[PDB]
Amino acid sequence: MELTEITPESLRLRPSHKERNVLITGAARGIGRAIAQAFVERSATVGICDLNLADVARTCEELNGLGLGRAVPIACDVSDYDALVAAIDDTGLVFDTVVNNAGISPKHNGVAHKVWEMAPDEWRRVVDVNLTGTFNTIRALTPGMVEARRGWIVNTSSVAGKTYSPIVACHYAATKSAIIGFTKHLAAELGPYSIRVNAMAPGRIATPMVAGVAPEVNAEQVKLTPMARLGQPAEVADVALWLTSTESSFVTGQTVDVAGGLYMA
């Protein structure tokens, strides 16, 4: 199944996010790298947040070569609140938007551990990164957003947070489920200051994780997808662009699946 909906270049590169400073976590690989690409294409300045300085610097060099938006490095572990704040403030920029995309889904020899064999320290690390890392950026940035009465937040859930995916472990499902109600609650607290908070729940996206899934499983997942293909990272990025744009100006608290019909709930 091929791609059917192609956005013309003149629309793809419109400066919809000019004069915006957008923090993107997990931006050096995968969906986060595609989200960074899309915001730069829309003329935003992006903060490239990821773990390894070389990965972050390479990403900034790639993006800055496009002659569109600008990319600045923010190398840190999002679960370390003080290190995150220090790396954000080292840029000298004030970020009006955060896309929380960093996330982990640990496996062992390619398979997720079941709850009865799950190491507590693995559970805790996944909670720290997937859930508390998303709180951390929001705690860091919302004082400024509230004072400015201006801000946009997009979090990343998963269809596995709303129904069972046999590909993930229980910590992943629990943390992605947490994001949904967290996003509603945040939308209510921050709405009075005109700040909007939404989440994306991707299904199965063409990403490095695909090679780690057994080929029969990926085949079955595509068979379980009405649109009959994996999603592209750029399609998730299009949703993050829209949720942070003036064309979703009354949309808040929502979790939008980006999944082609897979595992609807």
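Note that residue numbering follows the sequence shown and begins at 1.
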Next item on the list: Take the C-alpha B-factors listed in the entry for 197-205 and for 54-62, compute each mean, and give the stretch with the larger one.
Entry: 54-62
Notebook entry, point to check: If you average the CA temperature factors over each stretch, which comes out higher, 246-254 or 17-25?
Noted result: 17-25
Check: Out of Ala44, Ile48, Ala219, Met227, which residue has the highest Cα temperature factor in the PDB record?
Finding: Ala219
Check: Between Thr134, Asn109, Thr175, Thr183, which carries the biggest CA temperature factor in the record?
Finding: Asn109
Checklist line | Cα B factor band for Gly69 (lowest, middle or highest third within the chain) | finding: highest
Next item on the list: Could you tell me which third, lowest, middle or highest, the C-alpha B-factor of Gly212 occupies within its chain?
Entry: highest
Notebook entry, point to check: What third of the chain, by the recorded C-alpha B-factor, contains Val78?
Noted result: middle
Check: Comparing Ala259 with the other modelled residues of its chain, is its CA B-factor in the lowest, middle or highest third?
Finding: lowest
Notebook entry, point to check: With respect to C-alpha B-factor, does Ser165 fall in the lowest, middle or highest third of the chain as deposited?
Noted result: highest
